[PDB]
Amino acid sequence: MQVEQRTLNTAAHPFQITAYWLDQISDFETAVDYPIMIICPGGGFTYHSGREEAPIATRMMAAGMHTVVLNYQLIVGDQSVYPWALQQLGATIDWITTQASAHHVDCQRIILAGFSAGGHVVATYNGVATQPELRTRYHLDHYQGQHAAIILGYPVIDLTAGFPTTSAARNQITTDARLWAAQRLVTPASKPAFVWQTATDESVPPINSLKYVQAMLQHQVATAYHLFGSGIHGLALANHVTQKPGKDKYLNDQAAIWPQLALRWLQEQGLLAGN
């Protein structure tokens, strides 16, 4: 295993990635290209949550994929998230295509994963980067490669749907209301989505995931949805690894099955080797 931390400069706003590369198993007689997952964590658009970075990447690497963590555009200075964060995703996928041979990446198996705020970028991107009208508007044109599916964990999907609370916090995120709500952007072009959330999510009401999934079916898009009964927002892995020390509310054994559900779903979709 190798770890690469790096600035990519091929977008208007340069950004940092952290790639975790799988190494070839040395006593294999032949080579294998592995899938790769790009993770956009949460942190409410003002920071990148560590709980949703390495611990999630490591769990997915365990199942045999490369992973990359994208530090997408935050609110800092008077900066807005969009349209920049969308462009950084496109550049990250592009950059991956250039690294394929060196790292044995299966470019037909590029997965994006978003959590909370992170989910908005990915949900939007699955929307935006699947319609050339919105591609051009947002300058995702001229980037190589594309993603095969998305995974969304308790995603922000609609900025008027409870998060963020105050109007003045919507606006920081963006004064472009044409993507306050990722549900309205779904077309039959959108790539297959695995979605999960808790029903008891106070900070990001489940209608977000419902609305995306609802809209995912209404345009015939292969989608799976798990709304677990209990659990607070931001469970991450919902187990001791991502548990804030001494805070039981981060433990939820029912939600903790999601990575297994996710991986099995990726296999079904032909996007991960089956055993």
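When you see a residue number, it is the position in the sequence shown, counting from 1.
Checked against the record, the higher mean CA B factor of 20-28 and 258-266 lies with 20-28. Judged by mean Cα B factor in the deposited record, 41-49 ranks above the other of 41-49 and 60-68.
The PDB entry assigns the greatest CA B-factor among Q197, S101, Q73, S167 to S167.
Looking only at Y125, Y154, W95, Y138, the residue with the top Cα B factor in the deposited structure is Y138.
In the deposited entry, the Cα temperature factor of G90 places it in the lowest third of its chain's modelled residues. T7 sits in the lowest third of its chain by CA B factor, as recorded in the PDB entry.
Placement of the Cα temperature factor of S230 within the chain: middle third of the modelled residues, per the deposited record.
Among the modelled residues of the chain, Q108 sits in the middle third by CA temperature factor in this PDB entry.
Among all modelled residues in this chain, the alpha-carbon of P192 has a temperature factor (C-alpha) in the middle third.
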